$ cat input_5.cif   # mmCIF, C-alpha atoms and all ligand atoms
data_protein
loop_
_atom_site.label_atom_id
_atom_site.label_comp_id
_atom_site.auth_asym_id
_atom_site.auth_seq_id
_atom_site.Cartn_x
_atom_site.Cartn_y
_atom_site.Cartn_z
CA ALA E 1 0.00 0.00 0.00
CA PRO E 2 2.63 2.61 0.93
CA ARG E 3 4.80 4.14 -1.79
CA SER E 4 7.97 3.16 0.02
CA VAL E 5 9.04 0.44 2.45
CA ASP E 6 12.44 -0.32 3.98
CA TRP E 7 12.48 -2.91 6.76
CA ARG E 8 16.08 -2.03 7.63
CA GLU E 9 14.75 1.11 9.29
CA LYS E 10 12.47 -0.94 11.60
CA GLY E 11 15.24 -3.25 12.80
CA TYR E 12 14.16 -6.35 10.86
CA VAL E 13 17.43 -6.90 9.03
CA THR E 14 20.83 -8.13 10.22
CA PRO E 15 24.12 -6.87 8.61
CA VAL E 16 25.14 -8.17 5.15
CA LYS E 17 26.72 -11.67 5.28
CA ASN E 18 29.07 -13.47 2.84
CA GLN E 19 28.47 -17.01 1.55
CA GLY E 20 31.95 -17.37 0.12
CA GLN E 21 32.45 -19.96 -2.57
CA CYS E 22 29.62 -22.25 -1.49
CA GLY E 23 26.21 -22.32 -3.29
CA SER E 24 24.37 -21.74 -0.02
CA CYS E 25 22.52 -18.52 -1.05
CA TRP E 26 19.27 -20.44 -0.51
CA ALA E 27 20.30 -20.72 3.19
CA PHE E 28 21.15 -17.02 3.53
CA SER E 29 17.80 -16.08 1.94
CA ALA E 30 16.01 -18.35 4.41
CA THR E 31 17.74 -17.14 7.55
CA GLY E 32 17.13 -13.61 6.27
CA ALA E 33 13.35 -14.15 6.07
CA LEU E 34 13.28 -15.95 9.46
CA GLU E 35 15.31 -13.20 11.19
CA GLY E 36 12.68 -10.64 10.16
CA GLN E 37 9.71 -12.82 11.27
CA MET E 38 11.30 -13.73 14.62
CA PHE E 39 12.05 -10.04 15.20
CA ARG E 40 8.45 -9.13 14.38
CA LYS E 41 7.28 -11.81 16.80
CA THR E 42 9.64 -11.19 19.75
CA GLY E 43 11.14 -7.76 19.21
CA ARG E 44 14.66 -9.22 19.23
CA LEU E 45 16.99 -9.41 16.19
CA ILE E 46 19.18 -12.50 16.34
CA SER E 47 21.40 -13.71 13.48
CA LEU E 48 20.50 -17.28 12.50
CA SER E 49 22.80 -20.13 11.41
CA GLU E 50 23.28 -20.82 7.71
CA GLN E 51 25.75 -23.64 8.52
CA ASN E 52 23.03 -25.39 10.61
CA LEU E 53 20.92 -25.47 7.40
CA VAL E 54 23.83 -26.42 5.07
CA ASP E 55 24.82 -29.37 7.29
CA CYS E 56 21.42 -30.62 8.36
CA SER E 57 18.75 -30.11 5.74
CA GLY E 58 19.61 -32.92 3.36
CA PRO E 59 16.49 -34.94 4.24
CA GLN E 60 14.29 -31.94 3.26
CA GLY E 61 15.90 -31.95 -0.13
CA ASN E 62 18.81 -29.51 0.22
CA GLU E 63 22.28 -30.18 -1.19
CA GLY E 64 24.54 -28.05 0.95
CA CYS E 65 26.98 -26.05 -1.19
CA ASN E 66 25.55 -27.43 -4.41
CA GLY E 67 22.11 -25.91 -4.13
CA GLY E 68 18.81 -25.95 -2.29
CA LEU E 69 15.47 -24.16 -1.85
CA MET E 70 14.27 -21.66 0.74
CA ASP E 71 11.08 -23.63 1.28
CA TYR E 72 13.01 -26.85 2.08
CA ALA E 73 14.97 -24.82 4.64
CA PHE E 74 11.70 -23.50 6.20
CA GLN E 75 10.46 -27.10 6.18
CA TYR E 76 13.63 -28.21 7.98
CA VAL E 77 13.21 -25.68 10.82
CA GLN E 78 9.64 -26.89 11.32
CA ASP E 79 10.54 -30.62 11.17
CA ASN E 80 13.51 -30.02 13.45
CA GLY E 81 11.75 -27.82 15.99
CA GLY E 82 14.49 -25.19 15.97
CA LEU E 83 17.46 -23.45 14.35
CA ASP E 84 20.66 -22.37 16.10
CA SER E 85 22.03 -18.87 16.15
CA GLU E 86 25.03 -17.76 14.07
CA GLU E 87 27.22 -17.33 17.18
CA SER E 88 26.62 -20.89 18.41
CA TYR E 89 26.95 -22.47 14.93
CA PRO E 90 29.35 -20.40 12.76
CA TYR E 91 29.45 -20.43 8.97
CA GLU E 92 32.32 -22.41 7.45
CA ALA E 93 31.36 -22.21 3.76
CA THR E 94 31.61 -25.95 3.42
CA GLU E 95 29.32 -28.92 4.17
CA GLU E 96 30.16 -30.65 7.45
CA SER E 97 28.42 -33.01 9.81
CA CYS E 98 25.19 -31.84 11.40
CA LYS E 99 25.97 -30.37 14.81
CA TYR E 100 22.54 -28.98 15.69
CA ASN E 101 22.26 -28.28 19.40
CA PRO E 102 18.68 -27.61 20.68
CA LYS E 103 20.15 -25.78 23.64
CA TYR E 104 21.14 -22.92 21.32
CA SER E 105 17.96 -22.92 19.25
CA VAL E 106 16.66 -19.35 18.95
CA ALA E 107 14.15 -19.61 16.08
CA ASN E 108 11.24 -21.77 15.06
CA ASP E 109 8.90 -22.03 12.10
CA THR E 110 5.35 -23.30 11.58
CA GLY E 111 5.41 -23.63 7.84
CA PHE E 112 5.73 -21.16 4.97
CA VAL E 113 3.59 -19.30 2.48
CA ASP E 114 4.28 -19.35 -1.22
CA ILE E 115 3.55 -15.98 -2.88
CA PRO E 116 1.80 -15.90 -6.30
CA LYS E 117 4.11 -15.30 -9.22
CA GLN E 118 3.14 -11.67 -9.74
CA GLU E 119 4.98 -8.50 -8.76
CA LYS E 120 1.74 -6.93 -7.51
CA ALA E 121 1.37 -9.76 -4.95
CA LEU E 122 5.01 -9.55 -3.94
CA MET E 123 4.65 -5.82 -3.11
CA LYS E 124 1.69 -6.56 -0.91
CA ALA E 125 3.59 -9.24 1.02
CA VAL E 126 6.68 -7.01 1.42
CA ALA E 127 4.51 -4.14 2.76
CA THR E 128 2.63 -6.31 5.22
CA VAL E 129 4.83 -9.31 6.20
CA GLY E 130 8.42 -8.11 6.24
CA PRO E 131 11.52 -9.15 4.24
CA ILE E 132 10.63 -11.89 1.71
CA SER E 133 12.84 -14.73 0.32
CA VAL E 134 13.11 -14.67 -3.47
CA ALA E 135 15.20 -16.23 -6.26
CA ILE E 136 16.58 -14.24 -9.16
CA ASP E 137 18.62 -14.77 -12.29
CA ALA E 138 22.04 -13.40 -11.17
CA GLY E 139 24.13 -15.21 -13.76
CA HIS E 140 25.20 -12.22 -15.79
CA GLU E 141 28.41 -10.17 -15.71
CA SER E 142 26.34 -6.98 -15.28
CA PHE E 143 25.07 -8.21 -11.91
CA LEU E 144 28.69 -8.91 -10.87
CA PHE E 145 29.98 -5.35 -11.24
CA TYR E 146 26.82 -3.60 -10.16
CA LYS E 147 27.66 -0.50 -8.07
CA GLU E 148 24.75 1.94 -7.92
CA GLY E 149 21.44 2.82 -9.55
CA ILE E 150 18.61 0.56 -10.60
CA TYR E 151 19.86 -2.70 -12.09
CA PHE E 152 18.23 -3.77 -15.32
CA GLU E 153 19.64 -6.55 -17.52
CA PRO E 154 17.97 -7.06 -20.93
CA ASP E 155 19.11 -10.69 -20.98
CA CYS E 156 17.65 -11.55 -17.56
CA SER E 157 15.28 -14.52 -17.36
CA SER E 158 11.99 -14.65 -15.47
CA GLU E 159 11.94 -18.43 -15.66
CA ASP E 160 15.46 -19.57 -14.74
CA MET E 161 16.70 -18.40 -11.33
CA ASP E 162 20.08 -19.30 -9.85
CA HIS E 163 20.48 -17.17 -6.71
CA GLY E 164 18.36 -16.83 -3.56
CA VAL E 165 18.29 -13.31 -2.08
CA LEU E 166 16.08 -11.26 0.28
CA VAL E 167 13.66 -8.43 -0.57
CA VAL E 168 13.79 -5.90 2.26
CA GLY E 169 11.66 -3.23 0.59
CA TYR E 170 10.90 -1.11 -2.47
CA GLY E 171 10.50 2.50 -3.54
CA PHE E 172 11.01 5.05 -6.31
CA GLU E 173 13.40 7.93 -7.09
CA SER E 174 12.87 11.68 -6.41
CA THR E 175 10.98 14.26 -8.50
CA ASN N 179 13.95 2.62 -14.15
CA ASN N 180 12.11 4.77 -11.56
CA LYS N 181 10.77 1.92 -9.35
CA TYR N 182 12.98 -0.62 -7.62
CA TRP N 183 13.03 -3.52 -5.20
CA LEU N 184 15.59 -3.18 -2.36
CA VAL N 185 17.46 -6.50 -2.34
CA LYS N 186 19.94 -7.81 0.21
CA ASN N 187 22.71 -9.97 -1.34
CA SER N 188 25.11 -12.33 0.49
CA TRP N 189 28.47 -11.46 -1.09
CA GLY N 190 29.68 -9.21 1.71
CA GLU N 191 29.44 -5.43 2.10
CA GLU N 192 32.01 -4.76 -0.62
CA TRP N 193 29.66 -5.70 -3.45
CA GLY N 194 27.02 -3.31 -4.80
CA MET N 195 25.69 -0.62 -2.46
CA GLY N 196 26.95 -1.88 0.87
CA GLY N 197 25.93 -5.39 -0.10
CA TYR N 198 22.53 -4.28 -1.48
CA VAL N 199 21.10 -3.79 -4.95
CA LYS N 200 18.14 -1.84 -6.32
CA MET N 201 16.45 -4.16 -8.82
CA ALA N 202 14.04 -2.85 -11.49
CA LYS N 203 10.48 -3.04 -10.15
CA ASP N 204 7.29 -3.36 -12.21
CA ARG N 205 9.24 -4.15 -15.38
CA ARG N 206 7.21 -7.29 -16.00
CA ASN N 207 8.96 -9.64 -13.52
CA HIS N 208 12.55 -8.66 -14.37
CA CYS N 209 15.09 -11.43 -13.47
CA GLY N 210 12.25 -13.56 -12.07
CA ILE N 211 12.02 -11.66 -8.79
CA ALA N 212 8.39 -12.67 -8.23
CA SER N 213 8.68 -16.22 -9.66
CA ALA N 214 9.69 -18.04 -6.46
CA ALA N 215 8.85 -15.71 -3.55
CA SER N 216 8.05 -17.04 -0.05
CA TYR N 217 8.23 -16.47 3.66
CA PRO N 218 7.87 -18.52 6.79
CA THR N 219 5.09 -18.51 9.33
CA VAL N 220 6.06 -18.06 12.93
CA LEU I 194 21.92 -33.84 -27.26
CA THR I 195 25.32 -32.17 -26.79
CA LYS I 196 27.35 -32.33 -23.57
CA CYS I 197 26.21 -28.80 -22.68
CA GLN I 198 22.55 -29.57 -23.46
CA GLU I 199 22.48 -32.73 -21.34
CA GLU I 200 23.93 -30.83 -18.38
CA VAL I 201 21.36 -28.03 -18.68
CA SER I 202 18.56 -30.58 -18.90
CA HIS I 203 19.42 -32.00 -15.47
CA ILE I 204 18.97 -28.76 -13.49
CA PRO I 205 15.50 -27.33 -12.86
CA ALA I 206 14.36 -23.78 -13.80
CA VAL I 207 14.43 -22.60 -10.16
CA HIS I 208 17.88 -23.66 -8.88
CA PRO I 209 19.39 -21.33 -6.28
CA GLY I 210 22.96 -22.42 -5.55
CA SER I 211 23.45 -24.90 -8.45
CA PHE I 212 25.57 -24.06 -11.48
CA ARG I 213 23.82 -24.65 -14.77
CA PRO I 214 25.77 -24.01 -17.99
CA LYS I 215 24.59 -21.82 -20.89
CA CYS I 216 24.64 -23.30 -24.41
CA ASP I 217 24.35 -21.57 -27.81
CA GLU I 218 21.96 -22.50 -30.66
CA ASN I 219 24.39 -25.21 -31.86
CA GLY I 220 24.67 -26.90 -28.45
CA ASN I 221 28.12 -25.56 -27.64
CA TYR I 222 29.11 -24.01 -24.27
CA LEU I 223 29.12 -20.26 -24.55
CA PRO I 224 32.78 -19.12 -24.04
CA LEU I 225 31.74 -17.15 -20.90
CA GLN I 226 30.06 -19.14 -18.09
CA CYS I 227 28.62 -17.65 -14.88
CA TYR I 228 27.77 -19.16 -11.49
CA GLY I 229 25.07 -16.78 -10.30
CA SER I 230 24.90 -18.09 -6.74
CA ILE I 231 28.50 -17.20 -5.82
CA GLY I 232 29.02 -14.29 -8.19
CA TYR I 233 31.82 -15.37 -10.52
CA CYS I 234 32.14 -15.80 -14.29
CA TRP I 235 34.90 -17.43 -16.31
CA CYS I 236 35.88 -18.59 -19.80
CA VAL I 237 35.65 -22.23 -20.90
CA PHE I 238 37.14 -24.35 -23.67
CA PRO I 239 34.81 -26.06 -26.15
CA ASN I 240 34.80 -29.10 -23.84
CA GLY I 241 33.50 -27.16 -20.84
CA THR I 242 36.84 -26.99 -19.05
CA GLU I 243 37.66 -23.69 -17.36
CA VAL I 244 40.36 -21.48 -18.88
CA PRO I 245 43.11 -20.88 -16.27
CA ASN I 246 43.16 -17.60 -14.37
CA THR I 247 39.86 -16.52 -15.86
CA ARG I 248 37.53 -16.61 -12.81
CA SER I 249 36.57 -13.09 -11.73
CA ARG I 250 33.93 -10.44 -11.01
CA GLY I 251 35.31 -8.25 -13.76
CA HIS I 252 34.96 -8.05 -17.52
CA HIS I 253 35.84 -10.98 -19.69
CA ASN I 254 36.88 -11.48 -23.30
CA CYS I 255 36.44 -15.20 -23.85
CA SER I 256 36.91 -16.75 -27.27
CA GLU I 257 35.58 -19.76 -29.20
CA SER I 258 36.97 -21.83 -32.07
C1 LIG E 301 39.66 -29.61 -23.01
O1 LIG E 301 40.33 -29.02 -24.13
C2 LIG E 301 41.62 -28.47 -23.80
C3 LIG E 301 42.18 -27.84 -25.06
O2 LIG E 301 42.57 -28.81 -26.02
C4 LIG E 301 42.53 -29.54 -23.22
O3 LIG E 301 43.77 -28.95 -22.80
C5 LIG E 301 41.87 -30.23 -22.04
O4 LIG E 301 42.68 -31.31 -21.61
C6 LIG E 301 40.50 -30.74 -22.43
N1 LIG E 301 39.85 -31.32 -21.27
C7 LIG E 301 39.16 -32.45 -21.39
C8 LIG E 301 38.51 -32.99 -20.13
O5 LIG E 301 39.03 -33.06 -22.45
#

$ encode --input "input_5.cif" --output "structure tokens"
Amino acid sequence: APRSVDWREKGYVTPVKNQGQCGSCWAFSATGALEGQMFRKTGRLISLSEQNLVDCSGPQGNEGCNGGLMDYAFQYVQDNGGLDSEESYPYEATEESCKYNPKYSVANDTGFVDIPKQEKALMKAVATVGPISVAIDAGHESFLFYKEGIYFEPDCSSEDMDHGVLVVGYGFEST
Amino acid sequence: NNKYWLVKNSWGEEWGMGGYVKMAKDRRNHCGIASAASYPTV
Amino acid sequence: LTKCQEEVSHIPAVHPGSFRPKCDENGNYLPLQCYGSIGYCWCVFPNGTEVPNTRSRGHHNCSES
């Protein structure tokens, strides 16, 4: 509804993280969406563990550093009954053995909602829910050396997506 | 152009605008931004 | 189906974190390949092998044969 939204201003977003050379972006997108929902629910912003998801969500369908899906990650947290914090379960950028410790579990999900494939519906969810997990086509050189401005790539695909990221808001430029 | 989605990337703060990127909004689903969107229920 | 085409055909449309190659109209690997999840592109030989010291976040000038 509003013309502009930026959840960073309301304390829903943790600092920018770095996945390194591991295809775990699906895990960063998932902890990103869960950090915002947990904050909205408790009023406390706590960085969640991507490594906990990389190491333990194989039964939900994830493949560690070789790919995965945000929904499988949300499914894992629900099936597992918890997700450890970043501090207690640091990111190593590699798949290791599952070392989930319930004692350090600071998050919990109940399921997930899939948004209809339309930008108009996405805007509504971003304005009312909080940061939203999304997948984009980031496999272009232009995306690599992006610095400022609005990114637009004529060769971008709406059907093939290779990178999970997090939508923290939207807006428009001055007039 | 004018409208954008504020997106948080995971390649560290050195990339883009402090780790963020303004993606074209309302350009008919540019880069598939609305093709696989979801959130968890808590 | 070419080597490049068979590889593409094994990865789904929505694949965050998986590398999927790009092929041209003839089924060849495009000289420049990008792994969107990690943010790196590089040049490849016609057989899909990476060209040494070509992985970067900068501009590329990959060739074919
Ligand atoms: C690919 O082609 C290059 C150039 O001839 C060659 O050096 C390399 O060994 C080849 N790799 C394979 C797996 O055939």

$ atom_distance --input "input_5.cif" --atom1 "atom CA of residue E:35" --atom2 "atom CA of residue E:47"
6.5 Å

$ atom_distance --input "input_5.cif" --atom1 "atom CA of residue I:222" --atom2 "atom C6 of ligand LIG 301 (chain E)"
13.4 Å

$ interface_residues --input "input_5.cif" --of "chain I" --to "chain E" --cutoff "12 Å" --atoms "only C-alpha atoms" --output "ChimeraX atom specification"
/I:201,204-215,225-236,248-254

$ residues_near_ligand --input "input_5.cif" --ligand "ligand LIG 301 (chain E)" --cutoff "8 Å" --atoms "all atoms listed in the file" --output "list in words"
residues 238, 239, 240, 241 and 242 of chain I

$ residues_around --input "input_5.cif" --residues "residue E:31" --least-positions-apart "6" --cutoff "12 Å" --atoms "only C-alpha atoms" --output "JSON, numbers by chain"
{"E": [12, 13, 14, 16, 17, 24, 25, 37, 38, 39, 45, 46, 47, 48, 49, 50, 51, 52, 53, 54, 69, 70, 71, 73, 74, 76, 77, 83, 84, 85, 86, 106, 107, 108, 109, 131, 132, 133, 164, 165, 166], "N": [188, 217, 218]}

$ atom_distance --input "input_5.cif" --atom1 "atom CA of residue E:172" --atom2 "atom CA of residue E:155"
23.0 Å

$ build_atoms --input "input_5.cif" --residues "stretch 86-121 of chain E" --atoms "N, CA and C atoms" --output "PDB file, in the coordinates of the input"
ATOM      1  N   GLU E  86      23.755 -17.845  14.775  1.00  0.00           N
ATOM      2  CA  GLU E  86      25.030 -17.760  14.070  1.00  0.00           C
ATOM      3  C   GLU E  86      26.211 -17.964  15.026  1.00  0.00           C
ATOM      4  N   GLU E  87      26.170 -17.283  16.169  1.00  0.00           N
ATOM      5  CA  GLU E  87      27.220 -17.330  17.180  1.00  0.00           C
ATOM      6  C   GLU E  87      27.541 -18.767  17.644  1.00  0.00           C
ATOM      7  N   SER E  88      26.492 -19.525  17.937  1.00  0.00           N
ATOM      8  CA  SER E  88      26.620 -20.890  18.410  1.00  0.00           C
ATOM      9  C   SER E  88      26.948 -21.909  17.322  1.00  0.00           C
ATOM     10  N   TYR E  89      26.728 -21.546  16.054  1.00  0.00           N
ATOM     11  CA  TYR E  89      26.950 -22.470  14.930  1.00  0.00           C
ATOM     12  C   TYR E  89      27.452 -21.661  13.734  1.00  0.00           C
ATOM     13  N   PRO E  90      28.711 -21.202  13.796  1.00  0.00           N
ATOM     14  CA  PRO E  90      29.350 -20.400  12.760  1.00  0.00           C
ATOM     15  C   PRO E  90      29.362 -20.990  11.367  1.00  0.00           C
ATOM     16  N   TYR E  91      29.432 -20.094  10.389  1.00  0.00           N
ATOM     17  CA  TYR E  91      29.450 -20.430   8.970  1.00  0.00           C
ATOM     18  C   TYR E  91      30.874 -20.758   8.520  1.00  0.00           C
ATOM     19  N   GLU E  92      31.030 -21.943   7.931  1.00  0.00           N
ATOM     20  CA  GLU E  92      32.320 -22.410   7.450  1.00  0.00           C
ATOM     21  C   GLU E  92      32.447 -22.489   5.930  1.00  0.00           C
ATOM     22  N   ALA E  93      31.355 -22.220   5.219  1.00  0.00           N
ATOM     23  CA  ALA E  93      31.360 -22.210   3.760  1.00  0.00           C
ATOM     24  C   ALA E  93      31.700 -23.542   3.142  1.00  0.00           C
ATOM     25  N   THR E  94      31.356 -24.596   3.861  1.00  0.00           N
ATOM     26  CA  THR E  94      31.610 -25.950   3.420  1.00  0.00           C
ATOM     27  C   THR E  94      30.603 -26.848   4.142  1.00  0.00           C
ATOM     28  N   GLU E  95      30.283 -27.998   3.559  1.00  0.00           N
ATOM     29  CA  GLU E  95      29.320 -28.920   4.170  1.00  0.00           C
ATOM     30  C   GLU E  95      30.052 -29.788   5.171  1.00  0.00           C
ATOM     31  N   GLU E  96      29.558 -29.839   6.404  1.00  0.00           N
ATOM     32  CA  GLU E  96      30.160 -30.650   7.450  1.00  0.00           C
ATOM     33  C   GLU E  96      29.077 -31.506   8.040  1.00  0.00           C
ATOM     34  N   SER E  97      29.387 -32.150   9.151  1.00  0.00           N
ATOM     35  CA  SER E  97      28.420 -33.010   9.810  1.00  0.00           C
ATOM     36  C   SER E  97      27.461 -32.129  10.601  1.00  0.00           C
ATOM     37  N   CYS E  98      26.218 -32.572  10.685  1.00  0.00           N
ATOM     38  CA  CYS E  98      25.190 -31.840  11.400  1.00  0.00           C
ATOM     39  C   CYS E  98      25.479 -31.778  12.898  1.00  0.00           C
ATOM     40  N   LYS E  99      25.680 -30.568  13.398  1.00  0.00           N
ATOM     41  CA  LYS E  99      25.970 -30.370  14.810  1.00  0.00           C
ATOM     42  C   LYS E  99      24.892 -29.517  15.475  1.00  0.00           C
ATOM     43  N   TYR E 100      23.631 -29.742  15.113  1.00  0.00           N
ATOM     44  CA  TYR E 100      22.540 -28.980  15.690  1.00  0.00           C
ATOM     45  C   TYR E 100      22.419 -29.255  17.162  1.00  0.00           C
ATOM     46  N   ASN E 101      22.384 -28.190  17.952  1.00  0.00           N
ATOM     47  CA  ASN E 101      22.260 -28.280  19.400  1.00  0.00           C
ATOM     48  C   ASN E 101      21.001 -27.505  19.839  1.00  0.00           C
ATOM     49  N   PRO E 102      19.938 -28.224  20.251  1.00  0.00           N
ATOM     50  CA  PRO E 102      18.680 -27.610  20.680  1.00  0.00           C
ATOM     51  C   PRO E 102      18.843 -26.550  21.751  1.00  0.00           C
ATOM     52  N   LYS E 103      19.871 -26.708  22.561  1.00  0.00           N
ATOM     53  CA  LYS E 103      20.150 -25.780  23.640  1.00  0.00           C
ATOM     54  C   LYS E 103      20.329 -24.356  23.118  1.00  0.00           C
ATOM     55  N   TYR E 104      20.884 -24.221  21.910  1.00  0.00           N
ATOM     56  CA  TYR E 104      21.140 -22.920  21.320  1.00  0.00           C
ATOM     57  C   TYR E 104      20.130 -22.511  20.251  1.00  0.00           C
ATOM     58  N   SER E 105      19.018 -23.218  20.200  1.00  0.00           N
ATOM     59  CA  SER E 105      17.960 -22.920  19.250  1.00  0.00           C
ATOM     60  C   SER E 105      17.249 -21.613  19.629  1.00  0.00           C
ATOM     61  N   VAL E 106      17.284 -20.645  18.717  1.00  0.00           N
ATOM     62  CA  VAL E 106      16.660 -19.350  18.950  1.00  0.00           C
ATOM     63  C   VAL E 106      15.577 -18.990  17.939  1.00  0.00           C
ATOM     64  N   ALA E 107      15.169 -19.921  17.086  1.00  0.00           N
ATOM     65  CA  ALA E 107      14.150 -19.610  16.080  1.00  0.00           C
ATOM     66  C   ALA E 107      13.268 -20.820  15.880  1.00  0.00           C
ATOM     67  N   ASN E 108      12.121 -20.645  15.247  1.00  0.00           N
ATOM     68  CA  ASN E 108      11.240 -21.770  15.060  1.00  0.00           C
ATOM     69  C   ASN E 108      10.210 -21.477  13.982  1.00  0.00           C
ATOM     70  N   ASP E 109       9.995 -22.345  13.002  1.00  0.00           N
ATOM     71  CA  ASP E 109       8.900 -22.030  12.100  1.00  0.00           C
ATOM     72  C   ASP E 109       7.711 -22.982  12.190  1.00  0.00           C
ATOM     73  N   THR E 110       6.631 -22.607  11.520  1.00  0.00           N
ATOM     74  CA  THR E 110       5.350 -23.300  11.580  1.00  0.00           C
ATOM     75  C   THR E 110       4.922 -23.722  10.180  1.00  0.00           C
ATOM     76  N   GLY E 111       5.721 -23.326   9.206  1.00  0.00           N
ATOM     77  CA  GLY E 111       5.410 -23.630   7.840  1.00  0.00           C
ATOM     78  C   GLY E 111       5.852 -22.423   7.041  1.00  0.00           C
ATOM     79  N   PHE E 112       5.344 -22.278   5.826  1.00  0.00           N
ATOM     80  CA  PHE E 112       5.730 -21.160   4.970  1.00  0.00           C
ATOM     81  C   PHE E 112       4.608 -20.883   3.989  1.00  0.00           C
ATOM     82  N   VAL E 113       4.612 -19.683   3.432  1.00  0.00           N
ATOM     83  CA  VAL E 113       3.590 -19.300   2.480  1.00  0.00           C
ATOM     84  C   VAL E 113       4.263 -18.988   1.167  1.00  0.00           C
ATOM     85  N   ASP E 114       3.771 -19.617   0.109  1.00  0.00           N
ATOM     86  CA  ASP E 114       4.280 -19.350  -1.220  1.00  0.00           C
ATOM     87  C   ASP E 114       3.485 -18.210  -1.853  1.00  0.00           C
ATOM     88  N   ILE E 115       4.171 -17.150  -2.270  1.00  0.00           N
ATOM     89  CA  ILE E 115       3.550 -15.980  -2.880  1.00  0.00           C
ATOM     90  C   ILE E 115       3.266 -16.185  -4.389  1.00  0.00           C
ATOM     91  N   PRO E 116       2.105 -15.722  -4.868  1.00  0.00           N
ATOM     92  CA  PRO E 116       1.800 -15.900  -6.300  1.00  0.00           C
ATOM     93  C   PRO E 116       2.834 -15.202  -7.170  1.00  0.00           C
ATOM     94  N   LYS E 117       3.118 -15.802  -8.313  1.00  0.00           N
ATOM     95  CA  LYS E 117       4.110 -15.300  -9.220  1.00  0.00           C
ATOM     96  C   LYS E 117       3.731 -14.011  -9.956  1.00  0.00           C
ATOM     97  N   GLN E 118       3.489 -12.969  -9.179  1.00  0.00           N
ATOM     98  CA  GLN E 118       3.140 -11.670  -9.740  1.00  0.00           C
ATOM     99  C   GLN E 118       3.722 -10.550  -8.876  1.00  0.00           C
ATOM    100  N   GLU E 119       4.381  -9.587  -9.510  1.00  0.00           N
ATOM    101  CA  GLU E 119       4.980  -8.500  -8.760  1.00  0.00           C
ATOM    102  C   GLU E 119       4.007  -7.749  -7.871  1.00  0.00           C
ATOM    103  N   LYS E 120       2.764  -7.604  -8.316  1.00  0.00           N
ATOM    104  CA  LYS E 120       1.740  -6.930  -7.510  1.00  0.00           C
ATOM    105  C   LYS E 120       1.495  -7.662  -6.172  1.00  0.00           C
ATOM    106  N   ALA E 121       1.596  -8.990  -6.174  1.00  0.00           N
ATOM    107  CA  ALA E 121       1.370  -9.760  -4.950  1.00  0.00           C
ATOM    108  C   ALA E 121       2.596  -9.691  -4.056  1.00  0.00           C
TER     109      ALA E 121
END
